[PDB]
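Accompanying notes for the structure given below.
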Amino acid sequence: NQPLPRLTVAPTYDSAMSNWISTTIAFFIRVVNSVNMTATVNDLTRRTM
Amino acid sequence: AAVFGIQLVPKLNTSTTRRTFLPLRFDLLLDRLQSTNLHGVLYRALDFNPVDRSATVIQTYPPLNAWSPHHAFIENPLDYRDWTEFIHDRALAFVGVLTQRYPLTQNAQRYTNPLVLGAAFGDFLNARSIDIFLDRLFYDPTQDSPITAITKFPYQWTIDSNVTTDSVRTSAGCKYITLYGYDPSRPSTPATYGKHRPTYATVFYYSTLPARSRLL
Amino acid sequence: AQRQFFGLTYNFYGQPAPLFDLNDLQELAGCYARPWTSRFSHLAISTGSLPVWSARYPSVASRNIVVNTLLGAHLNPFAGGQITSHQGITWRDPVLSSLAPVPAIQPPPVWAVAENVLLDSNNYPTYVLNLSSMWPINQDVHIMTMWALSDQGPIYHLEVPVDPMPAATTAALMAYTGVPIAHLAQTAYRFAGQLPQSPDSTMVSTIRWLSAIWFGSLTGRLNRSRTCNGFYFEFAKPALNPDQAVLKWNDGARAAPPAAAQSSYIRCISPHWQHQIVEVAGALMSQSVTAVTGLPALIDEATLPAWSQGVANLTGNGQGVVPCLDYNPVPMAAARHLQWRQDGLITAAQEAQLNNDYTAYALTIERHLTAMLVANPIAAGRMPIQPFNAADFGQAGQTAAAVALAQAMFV
């Protein structure tokens, strides 16, 4: 938790929430570019993901 | 005697005096940072492999130990190669930012503030605006080291350095950063203690004892 | 907040066990409710509204004097470390929420009947670890230790910063004007008895200033004419029970601020205190302050009972001490009147009567305590009246000294 800000806010990419979305979305990007995935699932489609 | 599984030898022996806390002058801080090799001066590879310039873990000192990396640095860690390079760069490029706001020649004989200097440098690495920290990068030994952080300003917003009237909530340092290729698996790697992590602690600095009760 | 209090239990006046009946434990600390911040729920706007006469507790202060004894027998934790139990009774849990009959299969080690045991809010590592919750037990042991360190009247504390009343302290008081001394200690007590409040908190200054003004009034000085920042207490005209006190913001000459920090420990000295709802609500209130602020310093040793010497953390003798004065309601009021008489407040022939009026009053709250004293012995294992020997009543204690400590406190 952080103290309420009395200025102007702009979606920041720091913070547990934000980081949690960034590392986890970084994990499933690894699940998609992994051995298993890479051999089965098509190629160009796997890029789209 | 023995406490649980640990056995304690009879003789009691402790240091008998304490060195008066000495605050680093502004010039020394400037040389420590702008030295040929930062290794030893600032950071120090705990187990640097001779064969190849590789280090599993690196224990760090003062103006660096304060710093706590942002997510992008943890994920995809660097090798002891670009690590020395990263710092040998940023340590220098930081001295710039800080020295252009305080020309050394005129004000070098002024003690930097242990605390702010830490957050001011750690925030610089994470690439966060360092404007605010500079305002009070110094402090007269008479005013408490943690007091100048409050007296100068009760700024409760800057993430990782919330200064209230009596306390300064900052994220503990990281006495250990782990360069890519580190694993707590091997019994050989130096005991990092989890500090290789960014947020494992939360150092709350307090001004007075009543200020501390209110904290606890 | 504040995490450190040192207490001292009552003295089993030349008696065996703690002078409190089982009938008492279920009369104050009973009903299972937390016997803590209850001390005050036994006082009224005055005395004529309480069962404080011929009865189980024949005194406007006979309650606290009992609940205080009862607290001594159940505070072993702060003495040693464990909970213990005194006569089939021991706190239900580690938080000492309340008292209750010893379990049945896992009973606490029977307490050790010992008198005047010191206390350290440290000897009980759980206390501070919960602070917030059992906060009350602090302010209470404090109320205790301020009556225990004494034998004839509680020993509170007085102050007066060299500065003017803390604005939000002249605003907080101006909303307690008509209110009687009783309901003032009320808020005072009720306040510093729940949720650790920082000594910095507004209320502490206000309720600490309300204990400095009350004193100035009790010694003429801060009268209807010479007010503090605008306040002073007006006592009921003796002839219809002068044992009153109401805060009254006026607008007469403001008693100029003292030339320095004026600190001193003052305690009522004659038995009279035991029945004057104002000599208790006032003293009790001045203690509300100390409770949430540790203890100014060490209370002077000199004038004090025999069981209160060098009482670690409490009593003193050296430098960290503050001369402790003790006044007597009558020798007091007399001067309190003379003061009024000098400030033209009253006629020159009205003070030689005001005393008659009040002096006869004190002679009434005297043939009553003596009666209750020679009614509730003490060898009867109880102490609702607290022994005093028909003597202290006239005892012209410090008095003259505190009458001067009042002037320097409100120059």
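We label chains A, B, ... in the order they appear in the structure tokens, count residues from 1 in each chain, and number ligands from 1 in the order shown.
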
**Request:** Identify all chain A residues at most 10 Å from chain B by counting only C-alpha atoms; ligands do not count. Present them as a PyMOL selection string.
**Result:** chain A and resi 2-7+13-16+18-20+22-23+26

Output for the residues just chosen: C-alpha atoms as a compact mmCIF listing (two decimals), in the first residue's frame:
```
# COMPACT_ATOMS: atom_id res chain seq x y z
CA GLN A 2 0.87 3.62 -0.87
CA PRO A 3 -0.40 6.98 0.53
CA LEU A 4 -3.11 8.77 -1.53
CA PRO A 5 -1.57 11.25 -4.06
CA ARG A 6 -2.82 14.88 -4.14
CA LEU A 7 -1.41 15.62 -7.63
CA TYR A 13 4.20 0.32 -14.60
CA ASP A 14 5.66 -0.15 -11.13
CA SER A 15 3.72 -1.67 -8.16
CA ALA A 16 2.86 -5.20 -7.02
CA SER A 18 1.36 -3.98 -12.26
CA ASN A 19 4.45 -6.10 -11.73
CA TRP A 20 2.31 -9.18 -11.04
CA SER A 22 4.00 -8.08 -16.12
CA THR A 23 5.93 -11.09 -14.80
CA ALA A 26 6.04 -12.93 -19.09
```

**Request:** Apply DSSP to the structure's backbone, then extract all residues of range 2-214 of chain B labelled alpha helix (DSSP H) and return them as a VMD selection string.
**Result:** chain B and resid 26 to 33 62 to 65 71 to 74 80 to 99 114 to 125 131 to 134 145 to 151 209 to 214

**Asked** Do you know which residues are at most 8 Å from residue 61 in chain C counting only C-alpha atoms, after dropping those on the same chain fewer than 3 positions away, and could you put them as a ChimeraX atom specification?
**Response** /C:52,64-65,274-277,280

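Relative to CA of residue 178 in chain B, CA of residue 132 in chain B is found at 29.3 Å.
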
Please identify every residue of chain C that has at least one atom no farther than 10 Å from an atom of chain B, counting only C-alpha atoms, and for each give the shortest atom pair and the distance in Å to one decimal, arranged by chain then increasing number, as a Markdown table.
```
| residue | atom | partner | partner_atom | distance |
| --- | --- | --- | --- | --- |
| C:1 | CA | B:213 | CA | 5.2 |
| C:2 | CA | B:213 | CA | 6.3 |
| C:3 | CA | B:213 | CA | 7.1 |
| C:129 | CA | B:216 | CA | 9.4 |
| C:131 | CA | B:216 | CA | 9.9 |
| C:196 | CA | B:214 | CA | 9.0 |
| C:197 | CA | B:214 | CA | 9.0 |
| C:198 | CA | B:214 | CA | 7.3 |
| C:199 | CA | B:210 | CA | 8.3 |
| C:200 | CA | B:210 | CA | 8.9 |
| C:293 | CA | B:210 | CA | 9.9 |
```

Looking only at strand (DSSP E) from DSSP on the backbone, list the matching residues of range 216-374 of chain C as a PDB file with C-alpha atoms, in the first residue's frame.
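Dumped everything to result.pdb:
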```pdb
ATOM      1  CA  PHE C 233     -13.226  26.804  38.961  1.00  0.00           C
ATOM      2  CA  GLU C 234     -16.039  28.275  41.048  1.00  0.00           C
ATOM      3  CA  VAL C 246     -17.538  23.804  37.859  1.00  0.00           C
ATOM      4  CA  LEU C 247     -15.305  25.101  35.066  1.00  0.00           C
ATOM      5  CA  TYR C 265       3.544  16.411  43.122  1.00  0.00           C
ATOM      6  CA  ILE C 266       0.587  17.362  45.305  1.00  0.00           C
ATOM      7  CA  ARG C 267      -1.545  14.975  47.353  1.00  0.00           C
ATOM      8  CA  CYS C 268      -4.481  15.600  49.684  1.00  0.00           C
ATOM      9  CA  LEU C 298      10.418  10.688  40.361  1.00  0.00           C
ATOM     10  CA  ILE C 299       8.070  11.833  43.127  1.00  0.00           C
ATOM     11  CA  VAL C 321      12.811  14.342  41.986  1.00  0.00           C
ATOM     12  CA  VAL C 322      10.195  17.055  42.425  1.00  0.00           C
ATOM     13  CA  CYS C 324       5.901  16.684  46.806  1.00  0.00           C
ATOM     14  CA  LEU C 325       3.408  18.921  48.629  1.00  0.00           C
ATOM     15  CA  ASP C 326       0.331  17.802  50.571  1.00  0.00           C
ATOM     16  CA  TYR C 327      -2.549  20.123  51.463  1.00  0.00           C
TER      17      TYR C 327
END
```

Considering only C-alpha atoms, give me a table of residues in range 53-75 of chain B that are at most 12 Å from range 193-199 of chain B, with the closest atom pair and distance in Å for each, as a Markdown table.
```
| residue | atom | partner | partner_atom | distance |
| --- | --- | --- | --- | --- |
| B:56 | CA | B:196 | CA | 10.9 |
| B:57 | CA | B:196 | CA | 8.2 |
| B:58 | CA | B:196 | CA | 8.9 |
| B:59 | CA | B:196 | CA | 9.0 |
| B:60 | CA | B:196 | CA | 10.6 |
| B:65 | CA | B:195 | CA | 10.2 |
| B:66 | CA | B:198 | CA | 10.4 |
| B:67 | CA | B:198 | CA | 8.6 |
| B:68 | CA | B:198 | CA | 5.0 |
| B:69 | CA | B:198 | CA | 5.9 |
| B:70 | CA | B:198 | CA | 7.4 |
| B:71 | CA | B:198 | CA | 8.4 |
| B:72 | CA | B:198 | CA | 11.3 |
| B:73 | CA | B:198 | CA | 9.8 |
| B:74 | CA | B:197 | CA | 8.0 |
| B:75 | CA | B:197 | CA | 11.1 |
```

Taking N, CA and C atoms for each residue, export the selection above as a CSV table (one decimal), in the first residue's frame.
```csv
chain,number,residue,atom,x,y,z
B,56,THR,N,28.3,-15.6,-9.4
B,56,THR,CA,27.0,-16.1,-9.0
B,56,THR,C,26.3,-15.0,-8.2
B,57,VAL,N,26.9,-14.6,-7.1
B,57,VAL,CA,26.3,-13.5,-6.3
B,57,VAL,C,27.3,-12.4,-6.0
B,58,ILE,N,26.8,-11.2,-5.7
B,58,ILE,CA,27.6,-10.1,-5.5
B,58,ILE,C,27.1,-9.3,-4.3
B,59,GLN,N,27.9,-9.2,-3.2
B,59,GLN,CA,27.5,-8.5,-2.0
B,59,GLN,C,27.9,-7.0,-2.3
B,60,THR,N,27.0,-6.1,-2.0
B,60,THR,CA,27.3,-4.7,-2.2
B,60,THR,C,27.5,-3.8,-1.0
B,65,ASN,N,24.2,-0.6,-1.8
B,65,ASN,CA,23.5,-1.6,-1.0
B,65,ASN,C,22.0,-1.1,-0.7
B,66,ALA,N,21.9,0.3,-0.8
B,66,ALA,CA,20.6,0.9,-0.5
B,66,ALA,C,19.6,0.5,-1.6
B,67,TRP,N,20.0,0.6,-2.9
B,67,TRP,CA,19.3,0.3,-4.1
B,67,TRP,C,18.6,-1.0,-4.1
B,68,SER,N,17.3,-1.0,-4.6
B,68,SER,CA,16.5,-2.2,-4.7
B,68,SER,C,16.0,-2.1,-6.2
B,69,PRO,N,16.4,-3.0,-7.1
B,69,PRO,CA,16.0,-3.1,-8.5
B,69,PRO,C,14.5,-3.2,-8.7
B,70,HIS,N,14.1,-2.8,-9.9
B,70,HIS,CA,12.7,-2.8,-10.3
B,70,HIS,C,12.6,-4.2,-11.0
B,71,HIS,N,11.3,-4.6,-11.2
B,71,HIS,CA,11.1,-5.9,-11.9
B,71,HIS,C,11.9,-6.2,-13.1
B,72,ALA,N,12.0,-5.3,-14.0
B,72,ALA,CA,12.8,-5.5,-15.3
B,72,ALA,C,14.2,-5.9,-15.1
B,73,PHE,N,14.8,-5.6,-14.0
B,73,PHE,CA,16.2,-6.0,-13.7
B,73,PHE,C,16.3,-7.4,-13.1
B,74,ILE,N,15.3,-7.8,-12.3
B,74,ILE,CA,15.3,-9.1,-11.7
B,74,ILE,C,15.1,-10.1,-12.8
B,75,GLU,N,14.0,-10.0,-13.6
B,75,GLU,CA,13.8,-10.9,-14.7
B,75,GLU,C,14.8,-10.6,-15.8
```

**Message:** What's around range 10-15 of chain C at 9 Å? Count only C-alpha atoms, leave out sequence neighbours fewer than 5 positions away in its own chain, and write the answer as a PyMOL selection string.
**Reply:** chain C and resi 68-69+71-72+114-117+144-145+147-151+307+378-379+381+386-387

**Request:** Work out how far CA of residue 185 in chain C is from CA of residue 214 in chain C, in Å to one decimal.
**Result:** 10.7 Å

**Message:** At a cut-off of 10 Å, using only C-alpha atoms, what residues contact residue 127 in chain C? Leave out same-chain residues fewer than 4 positions from it and give the result as a count of residues only.
**Reply:** 17

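When CA of residue 348 in chain C is paired with CA of residue 224 in chain C, their separation reads 16.9 Å.
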